[PDB]
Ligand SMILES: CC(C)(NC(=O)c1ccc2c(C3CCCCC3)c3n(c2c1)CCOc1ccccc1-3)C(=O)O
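Only one chain is shown below, in structure tokens, and it's the form deposited without this ligand.
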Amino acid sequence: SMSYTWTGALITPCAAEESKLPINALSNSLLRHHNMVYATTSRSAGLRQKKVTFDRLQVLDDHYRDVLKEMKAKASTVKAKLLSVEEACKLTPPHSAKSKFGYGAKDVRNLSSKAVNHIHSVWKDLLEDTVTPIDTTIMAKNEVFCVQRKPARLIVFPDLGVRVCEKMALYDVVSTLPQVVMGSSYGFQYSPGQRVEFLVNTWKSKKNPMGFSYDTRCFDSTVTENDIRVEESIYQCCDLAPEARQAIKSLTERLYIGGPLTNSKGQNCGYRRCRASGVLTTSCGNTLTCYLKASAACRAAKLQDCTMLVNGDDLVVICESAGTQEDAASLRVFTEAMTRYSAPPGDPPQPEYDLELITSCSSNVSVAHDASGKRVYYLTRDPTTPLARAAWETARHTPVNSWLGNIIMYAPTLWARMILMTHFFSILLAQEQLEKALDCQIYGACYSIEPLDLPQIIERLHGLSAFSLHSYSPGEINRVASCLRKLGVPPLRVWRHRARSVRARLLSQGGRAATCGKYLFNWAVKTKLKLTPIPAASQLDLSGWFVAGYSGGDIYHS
């Protein structure tokens, strides 16, 4: 079956779109090569349509059915509850797309009678009808990148009412089931630090380690009807309320498997027969399907002691080496099996014998040293995209503040500490907006975070060592330095000069701002300070942060 069939109608914009980096008076302090940054827009949607439209074939062998039976055995130990309407409503982003039925995201969060009444009629319809295709809107994502130009990604999502219904029926399932079925291989259960720890321990557990990242080409498009019905059979293994079983069956038949695509102008754009990128189950469905195909492919390839780390379509495997030559051969067979399972590769997989050289979830393990002088492994990444998006956010307020999200996920890195923290705290000072909560995302879920809570939040997730790492690796230092040049960003020596100023300024404010100056920029002074556990860090309720992935899932954790 074709992943998509098209009518010719265009994927249309929902408002004005900007592709060129907006420039203000602050832009140059961060980046000078403005032409390197761009945002994707609907004008490239047609190009994306061509890459994502292809036929899918599947050859399912005994290794595939063996792994699935095992997955189903673990799934049968899961007991999940139906969420109430109020709970589901409270999980809805404040600015989530409004319903076509006369109410918006605020109406839902306030439990307005119109929204709640319509939500109840959608739920009832799900229970009575298990066949009628549910409508979806298809949009082109406006996302920022650096050159080396890619076309806009596509986002397909059902109406707001249906989304609240997905939450009622499946939020508990998608939040609980993956870790049970996949154990330690489920990546979304890990904070950046725990991820590193799982990777380092998994690597150290092999006599002769070897690992590779496996990039699937347009994964959502490779997901077949079979795949989606198999995912549902796994959900159905759970101990669930009868109403939840019916809604899951209905949602699978009417929405997950396929459905008509409508543009922002209300025209039919065509029909989808693959994974929708904008539904509650996108992350969980992709993770389970990637793990099932890969686990089975590991068996077919005769990979020795293969350990998976899977986050949606992002896949990394660490196993026992059989020698340089044999490895190359096994990987080839692994890739052939995945292809048979409808998970063909984009970039061909290549074995790596150096853990730090493996990139998964666009990140890699690197090493530095803490106060004591001890080696500490931490998660970093190429800062090109973080900086391109930071440049955009320097001149444009956007719904998701990636700079904040990146400071939280990459607080221990050289680049997040010296550039992002310095740059944005300088702006918050100047605009006196330090206590203004801002929306950012972690594993797809949206959170309102106050920048003044950063010190505590970081202590909680990375430990106090995040404020004292040093002696980064020549490789890391050099990648950052080279990145600054490609983008036209001031050299690290300049950010250090700046950080000294930002730090003195925060300190002058006292209170929380002073804590920020003290912990976040202790690295900027030749005579470092104390830095002891922050009493308020234990107060923060970080339960739910690193539990599951919700990318495209319309999730908000207030």
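Throughout, rigid core stands for the largest set of C-alpha atoms superposing within 1.5 Å between the two forms. From 1 onward, residues are counted along the sequence shown.
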Counting residues of the deposited sequence that sit between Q148 and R149 but have no coordinates, the total is 4 to 9
Per the entry, where is the mean C-alpha temperature factor higher: 478 to 486 or 311 to 319?
478 to 486
Highest mean C-alpha temperature factor of the two stretches 21 to 29 and 543 to 551, which is it?
543 to 551
Based on what the PDB entry reports, which of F157, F219, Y235, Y103 has the top C-alpha B-factor?
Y103
Out of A513, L68, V59, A39, highest CA B-factor residue:
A513
Rank-wise, by C-alpha B-factor, drop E143 into the lowest, middle or highest third of its chain.
lowest
Entry-reported C-alpha B-factor of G266 relative to its chain, by third, is middle
Considering every modelled residue of the chain and its Cα B-factor in the PDB entry, is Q179 in the lowest, middle or highest third?
middle
Position of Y256 among the chain's modelled residues by C-alpha B-factor, lowest, middle or highest third
lowest
Test of reading the entry: by CA B factor among the chain's modelled residues, which third contains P209?
highest
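Same protein, other form: the form solved in complex with this ligand, not shown, and the subject of what follows.
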Place this ligand, as positioned in the deposited complex, onto this chain through superposition of its site C-alphas, and say whether the site is open or blocked according to the 2.4 Å backbone and C-beta criterion (3 or more atoms for blocked).
blocked
Okay, which stretch from 257 to 265, 388 to 396, 76 to 84, 160 to 168 lines this ligand in the deposited complex, with non-hydrogen atoms inside 4.5 Å?
388 to 396
So which of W123, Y103, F334, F424 gets a non-hydrogen atom within 4.5 Å of this ligand in the deposited complex?
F424
Here the chain is shown alone; which of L487, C238, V376, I248 has a heavy atom within 4.5 Å of this ligand in the deposited complex?
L487
Site check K293, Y341 and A343: each within 4.5 Å of this ligand in the deposited complex by heavy atom:
no
Touches this ligand in the deposited complex: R498 (any heavy atom, 4.5 Å)
yes
So in the deposited complex, is this ligand close enough to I119 to count as touching (4.5 Å, heavy atoms)?
no
Is there a non-hydrogen atom of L420 within 4.5 angstroms of a non-hydrogen atom of this ligand in the deposited complex?
yes
I'd like to know whether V37 contacts this ligand in the deposited complex, with contact meaning heavy atoms within 4.5 angstroms.
yes
Where among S471, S482, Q431, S121 does the Cα move by 2 Å or more between the shown form and the other one after the core is superposed?
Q431
On a core-based superposition, does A445 travel 2 Å or more at its Cα between the shown form and the other one?
yes
Using a superposition on the rigid core, decide whether the Cα position of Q509 changes by 2 angstroms or more between the shown form and the other one.
yes
Rigid core fit then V400 CA moved by 2 Å or more between the shown form and the other one:
yes
